[PDB]
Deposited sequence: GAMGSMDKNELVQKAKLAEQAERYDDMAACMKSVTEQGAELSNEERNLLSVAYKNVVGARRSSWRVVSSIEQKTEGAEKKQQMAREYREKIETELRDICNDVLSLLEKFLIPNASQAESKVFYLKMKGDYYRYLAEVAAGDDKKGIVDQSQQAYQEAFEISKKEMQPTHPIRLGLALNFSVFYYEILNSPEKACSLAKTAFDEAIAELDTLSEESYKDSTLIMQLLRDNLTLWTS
């Protein structure tokens, strides 16, 4: 059973059918056993794609609503609301998986940081469309606990620790409107990883996140 659902999720991924992929990995998670690295990466990939499509459509429609008659504005508004409901339902589904299964079963610091980052991300997507104060604080609290754990248990070049710093820096910039704290957090993460330059299997992923941290710093300084 669990095996078959994982193989169906992989098939759906190759077919670029991410809603199918996410439904497979949701069912795996609901079986209540701690996920392997491979399973949690499938779950993360599936939902990031599913929510990413809705966030992209929301930005396009939200903006059309803001640049607009009255009949046309209202159409855009109602369509924005429809996409928002899809996006909210997806975030709530992931956050429910995180509360009920993933975070309670996480037996290692690496996975606890992984899931607390995910929780930070999905409240941050809720914050993008938000009630907003409470959502923002839930995001900030998940990131902050992830951040403390990763600093205590992970090397500064660990891709999960770097990816957490990238996303928490984006949260400070874009959600909290605290650009100086965003730049401070991103520059420290980049500089500490440069100082300790890593195993074979992580070269590519750590350094790719380093490039994104520096690209954000370039953008936010220029």
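No C-alpha positions are given for the deposited-sequence stretches 1 to 6, 75 to 76, 139 to 141, 209 to 210.
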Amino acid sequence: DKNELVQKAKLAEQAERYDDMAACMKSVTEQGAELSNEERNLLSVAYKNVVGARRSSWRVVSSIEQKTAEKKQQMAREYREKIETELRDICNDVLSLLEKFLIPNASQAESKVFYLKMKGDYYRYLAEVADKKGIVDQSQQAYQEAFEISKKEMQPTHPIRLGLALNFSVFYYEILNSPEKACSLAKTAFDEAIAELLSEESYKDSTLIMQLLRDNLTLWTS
From here on, numbers count along this sequence of modelled residues.
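Take the two forms, superpose them, and find the largest set of C-alpha atoms that agree within 1.5 Å; that set is the rigid core.
Here 58 to 66 and 162 to 170 are scored by the root mean square distance of their C-alpha atoms in 8 other deposited structures of this protein, with each structure fitted by the rigid core; the higher score goes to 58 to 66. With 70 to 78 and 113 to 121 as candidates, the stretch whose CA atoms show the greater average offset from this form in 8 other deposited structures of this protein after a core fit is 70 to 78. Looking at the other PDB entries for this protein, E200 is absent from the model in a third or more of those that include the residues around it. In this crystal structure, the stretch out of 59 to 67 and 153 to 161 whose C-alpha atoms carry the higher mean B factor is 59 to 67.
As the entry records it, the average C-alpha temperature factor is higher for 96 to 104, out of 112 to 120 and 96 to 104. The PDB entry assigns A130 a C-alpha temperature factor belonging to the highest third of its chain's modelled residues. Residue-level temperature factors show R17 in the middle third of its chain, judged at the C-alpha atom.
When the CA B factors of the chain's modelled residues are split into thirds, the value for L197 lands in the highest one.
In the deposited entry, the Cα temperature factor of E180 sits in the middle third of values across the chain's modelled residues.
In the PDB entry, a CA B factor belonging to the middle third of its chain's modelled residues is recorded for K10.
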